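>>> sequence-free structure coming up:
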Ligand SMILES: [K+]
Ligand SMILES: [K+]
Ligand SMILES: [K+]
Ligand SMILES: [K+]
Ligand SMILES: [K+]
Ligand SMILES: [K+]
Ligand SMILES: [K+]
Ligand SMILES: [K+]
């Protein structure tokens, strides 16, 4: 529900740990989940992009939700990534995730690849919102999907009772507009770490974050500053925060965040093809820049999920 | 193989006809296909983007491959859409297709959504080309998938002996470079009906077309003018073809092409959500522009959940 | 100097009122100016883009600088547009302006049309800052001039002791970096009324505004809310200001701003060709959106050739 | 007139030679002009971008037209660059260039910097076309000016009796359209060397060229092939032509062309600020790539026109 999510400020988009072997590392999950709740994660998004959802099987996403809900045991609310670029597959998975339980909302991306029109997107998300007990949060991101929902289409959807929010990654003009015209019980999250500062100042509810894995504190610190009206501290953190965000996305994500989470001892392991891990030479620069660690280095292989 | 496709000039990116209830209209396939082979389709690509592949299940795609192959009967070579943005799935499907047989190649798109690096794209396409008997054509289309293979990575892949060409949708600058440096047994298709004139001029092997569904004849006349060194005529055709291609892509494909095909009697049906058919006011514009037809809210459909 | 401008929050990019016959309306200047100083203009930029500088002759610009300075009388500091895309002309004009006196700085745009490299931009701006007593503010606006100063070249220039700031129209990412690494005695203005909220939040020194002509008060209220750490109120103001900025730039500036100023009695007049006034149907939209006014083909004018 | 220009295929956009000193090198002009007419230049454009027109004075452009017409002595037709982003200054210079004589047409760029609307551009070019005996050719180039004339505005203008053509640098779709709907006595030139092949196949009249300075022959060779219907030779030249075009624009033009013209012994000299010459390290790669010369190399300074 909107209620479960309402107070969230730092929703983390949780990675999927893997072994050298390509299988999921369910073992590394407990320590990672603890680290997040220790470093100001308000809520967890499961099986999103950062989780390499395109490469997780149906049954693997189900394993992941059980494994994380066991280890979170109710402590923060959760959102499941449910949408694909097929409306029927999205209807089926969400009704299924409604049954499964433990989620405050299903997240549904604007369809990638097939490039639907605004009416197409409207009828898409309506059908997914219609389908299930689980309300929906729309993830609008032309930087990954080419097309986008316009604010007008988005606010058409926001009126659906079962559509409770948006993870918006367009422009701060668009974001301003959405915050300005939102109906009630409708939540506006930036999905851009490097904008979170501006989105919060403008009246957004929060961030659905990658950088929260490795810089959750300084992000907390900046948000508290906005809330406690210390704009000088908030902007100082923001100015030093931007180059970290850029390093975390300087190779295709979640490669940079996994490499940092690997240095930090969390065995995030590699990425499943078609993603490959960050090159060693980038790996050192990145750890230095994002967590001011020193990486004592030593061509790079992505992994496939077991054939068997 | 490369042999099988060497000669194709117009390989058509075949639609999937759907019933008003959202099931495949398998009945419409024989008429539609004969119409293609009647209008200078030399080769057919099944379950590409224009087939609404994101919306076709595993089994549906297999059942399309049956229907089409039964009708085609080896009259032209066939290409199966096999790649997705998951490297393992793509491997498992290219094997199942190689096994299925009757395909000269599999088409594998550059991964959408997850935005791999070049090196990621190389490992992806290498693994697919390593998986099976079936040769691979890469589909590079940053207007659909955001990222793109640089020519440089493309040419590295061109060296894999089981990768035999590219459907290239980037720039004519890139397409020139690829023609220039291509190795042996590597086909270069444009995937952009609008630029097919330029691509063929520049030395491409042909076009993987949507337009060929409705405008095969004039495409044939242009390619013939081009190969007969009749440029004034090739370019007269190209200059008037541009708006028709434009119209075809003026609501998201394959809406406009189904709306024309429906108008020509072929029962293309509607599109599966998230795509919706072309709006009414637009349908008329589109027919008038593309086929010179006289025609007269919109509802996308779902696959049956039973 | 830097001193003179340290305190400015709202420096307005002053229009040039024109008569229907295309000569400067010098009569309108006193009323327009008093109106700015009445509405929280802290500093004025004369013969910037909004003044239609491409259309003002050398002597006209000098005569504007007279008129305005006579009216202003040292109540606020002044900035003269001095740079063009020719480095020699810019040098000769910044000297003539330094000589003219009464200006805290000269504004020099990144060269338009000829698309210099970074190194070319450095040599350009260095020579201008070397030429005269008069300090230099750089104007970086790739949406007008195509190329842009990277932050890196910008910070090299920031070190010249006669370059004292930037009117920056690139991205908030760049604007953050510049605030963070700025040396001493270097002012950072946003030139984007739309992003002024974000820029001030991020630690900018203020805005070089068009909107301040018509909406000075609410801009003042926002900047005050911001500096009084009243964010909910700052952002309420910003969220409703965005469409007004949008409207102001909805036909090419300064058409929309003159159309509003005309409606408020100020005789801004039309624009000099190649710019034409806002079309009629648009003028009404614009007034309603920007000032909440109730209003009711278009003709751009030429400077007299006699 | 349209007649003077009608048969032109390779219009060169002539550089402005300068001394180390910043003054124009009128001495180097004769040899450069000869080289062009020796290497298939059909027509010469004077005082365009390639000529660093933004940095030429009024009186310097007048010197240039006299100096080139003396040395061309009638042999090819000529076009003068007359437009600026001020309509009055453009009216005055063109009426003046009509008086001056020896030009087949005045070239007028879509106004840069002030970003006019379509009506604005329309009224702009109408006024310049109205002003003088010299007909006008429009130079539409958003890559330098941001804005552009749409085909609809452009064809509105093409109907003016005194507007005889366009140097179009947008897309080949746009170019196709213009060739398809042109009125009579209206000429379509690409201003893109790297597209000239495609523009010619599509039915364009010609190219207004930079690369013609240093690769005029191979350009002739490709155009003859199109005309004589040998498409295989034309495309072979095109494919090897593209990387030369890219090197000629790999540093801000006319820096790369001047550096090659400097290696070839023509003393093009440096560029006037804000342009600077090409870096040495780029200078060798460029000469190699464009004219397969070997540059025996030896931080880089742009020059100002004399203060005196
Ligand atoms: K999945
Ligand atoms: K709702
Ligand atoms: K499928
Ligand atoms: K191969
Ligand atoms: K001026
Ligand atoms: K300074
Ligand atoms: K000039
Ligand atoms: K004409």
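Thanks, I have the structure now. Numbers count the residues shown, from 1 in each chain, chains lettered A, B, ... in the order given. Ligands and ions are numbered 1, 2, ... in the order given.
>>> wait, residue A:131 touches residue A:93, no?
No - the criterion here is CB atoms under 8 Å, and residue A:131 misses it with residue A:93 at 9.5 Å. To be clear about C-beta, it is placed using only N, CA and C from the backbone, and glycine gets the same treatment.
>>> more neighbours, these two?
residue A:93 (26 against 22; other CB atoms under 10 Å in any protein chain shown).
>>> let me see the contact set for the more buried one.
Applying CB atoms under 8 Å, 6 or more residues apart in numbering or on different chains, we find residue A:93 in contact with A:58, A:82, A:84.
>>> and the longest helix for chain A?
Longest helix in chain A by number of residues (criterion: DSSP state H): helix A:231-248.
>>> any residue of that helix touching chain B?
No - Helix A:231-248 is not in contact with chain B by CB under 8 Å from any CB of the partner chain; minimum separation 14.0 Å.
>>> what's the following helix or strand after that helix?
helix A:255-263 (DSSP states H and E).
>>> let me know the angle separating that next one from helix B:118-130.
Interaxial angle, helix A:255-263 versus helix B:118-130 (axes from the mean of the first three to the mean of the last three CA atoms, to 10 degrees): 100 degrees.
>>> who's in contact with helix A:255-263?
A:15, A:32, A:50, A:210-211, A:213-214, A:247-250, A:268-271, A:275-278, A:282-283, A:286-287, A:290-291, A:293, A:295, B:117.
>>> likewise for stretch A:138-149?
Against stretch A:138-149 from outside (CB under 8 Å, 6+ apart): A:48-49, A:83, A:107-113, A:115-116, A:118, A:121, A:125, A:154, A:157, A:163, A:165-170, A:191, B:113, B:115, B:143-146.
>>> quick one: the strands in the stretch 51-200 of chain A?
Secondary structure of the stretch 51-200 of chain A (DSSP state E, counting those that start in this stretch): strands at A:78-81, A:105-109, A:136-140, A:163-168, A:187-190.
>>> buried residues in the third one?
For strand A:136-140, a neighbour-count test (16 or more other CB atoms under 10 Å in any protein chain shown) marks A:136, A:137, A:138, A:139, A:140 as buried.
>>> point me to the residue of chain A nearest ligand 5.
Closest to ligand 5 within chain A is residue A:173: 32.0 Å, counting by CB to the ion.
>>> sorry, back to before: only whichever of the contacts of helix A:255-263 are buried, select them in PyMOL.
The PyMOL command for the buried members of those (criterion: 16+ other CB under 10 Å) is given here:
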select buried, (chain A and resi 15+32+50+210+211+213+214+247+248+249+250+268+269+270+271+275+276+277+278+282+283+286+287+290+291+295) or (chain B and resi 117)
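>>> show only the entries of the contacts of helix A:255-263 found in helices.
Using DSSP H, the members of these that fall within helices are A:32, A:213, A:214, A:247, A:248, A:282, A:283, A:286, A:287, A:290, A:291.
>>> for chain C, what's the nearest residue on the stretch 201-308 of chain A?
Chain C sits closest to residue A:229 of the stretch 201-308 of chain A, with a gap of 3.7 Å, by CB to the nearest CB.
>>> mind listing what that residue touches?
C:229, C:230, C:231.
>>> make it 10 Å
C:228, C:229, C:230, C:231, C:232 (CB atoms under 10 Å, 6 or more residues apart in numbering or on different chains).
>>> bridged to the residue of the stretch 151-300 of chain A found nearest ligand 1, which residues?
Residue nearest to ligand 1 within the stretch 151-300 of chain A: residue A:272 (10.7 Å; CB to the ion). Taking DSSP bridges, one finds residue A:303 as the beta-bridge partners of residue A:272.
>>> in chain A, what residue is nearest ligand 1?
For chain A, CB to the ion, closest residue to ligand 1: residue A:56, 4.2 Å.
>>> I figured that residue hits residue A:50, correct?
No - here residue A:56 lies out of contact with residue A:50, judged by CB atoms under 10 Å, at a distance of 11.7 Å.
>>> mutual contacts of those two, please.
A:16, A:81.
>>> got a list of what the most centrally placed residue in chain A touches?
In chain A, the centroid-proximal residue (CA atoms, centre = their mean) is residue A:13; its distance is 3.1 Å. Residue A:13 sits next to A:44-51, A:79, A:81, A:107, A:167, A:191, A:193, A:207-213, A:253-254, A:257 when contact means CB under 10 Å, 6+ apart.
>>> tell me which two of the ones in helices among the contacts of helix A:255-263 sit farthest apart.
In terms of CB to CB, the ones in helices among the contacts of helix A:255-263 reach their longest pairwise distance at A:32 and A:282, which sit 22.2 Å apart.
>>> residue A:249 against residue A:211, yeah?
Yes - at 9.2 Å, residue A:249 and residue A:211 qualify as touching, with contact defined as CB under 10 Å.
>>> find the residues that touch each one of those two.
Shared contacts of residue A:249 and residue A:211, defined by CB under 10 Å, 6+ apart, are found at A:193, A:194, A:257.
>>> just these now: which is nearest ligand 7?
Nearest to ligand 7 out of the shared contacts of residue A:249 and residue A:211 is residue A:194 (CB to the ion; 42.4 Å).
>>> just give the closest residue to that closest one, not the sequence neighbours.
residue A:245 (4.0 Å; CB to CB, 6 or more residues apart in numbering or on different chains).
>>> quick one: that neighbour and residue A:239 touch, right?
No - between residue A:245 and residue A:239 there is no contact under CB under 10 Å: 11.4 Å.
>>> if we can go back for a sec, between the buried residues of strand A:136-140, which is nearest ligand 3?
residue A:139 (21.2 Å).
>>> partners of the closest one in the sheet?
Going by DSSP bridges, residue A:139 forms beta bridges with residue A:109, residue A:167.
>>> likewise for residue A:207?
For residue A:207, the beta-bridge partners are residue A:10, residue A:190 (DSSP bridges).
>>> hang on, isn't it packed against residue A:220?
No - taking CB under 10 Å as the definition, residue A:207 is not a contact partner of residue A:220, at 11.0 Å.
>>> what sits against residue A:210?
Counting by CB under 10 Å, 6+ apart, residue A:210 touches A:12-15, A:48-50, A:191-193, A:245, A:248-249, A:253-254, A:256-257.
>>> make that residue A:303, sorry
Applying CB under 10 Å, 6+ apart, the residues near residue A:303 are A:18-23, A:55, A:269-273, A:275-277, B:87-88, B:123.
>>> one more time with 6 Å, if that's ok
For residue A:303, the contact set (CB atoms under 6 Å, 6 or more residues apart in numbering or on different chains) comprises A:22, A:270, A:272.
>>> flag every residue of chain A that's near chain C.
Neighbours of chain C within chain A, by CB under 6 Å from any CB of the partner chain: A:173, A:176, A:180, A:198, A:201, A:202, A:203, A:229, A:235, A:239, A:242.
>>> could the residues you listed go into CSV alongside distance to ligand 1?
Converted to CSV, the residues of chain A next to chain C look like this (distance: CB to the ion, whole Å):
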residue, distance to ligand 1
A:173, 33
A:176, 33
A:180, 35
A:198, 32
A:201, 35
A:202, 33
A:203, 33
A:229, 43
A:235, 39
A:239, 37
A:242, 31
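>>> now do stretch A:268-286: distance from first to last residue.
This stretch, stretch A:268-286, spans 16 Å end to end (CA to CA, to the nearest Å).
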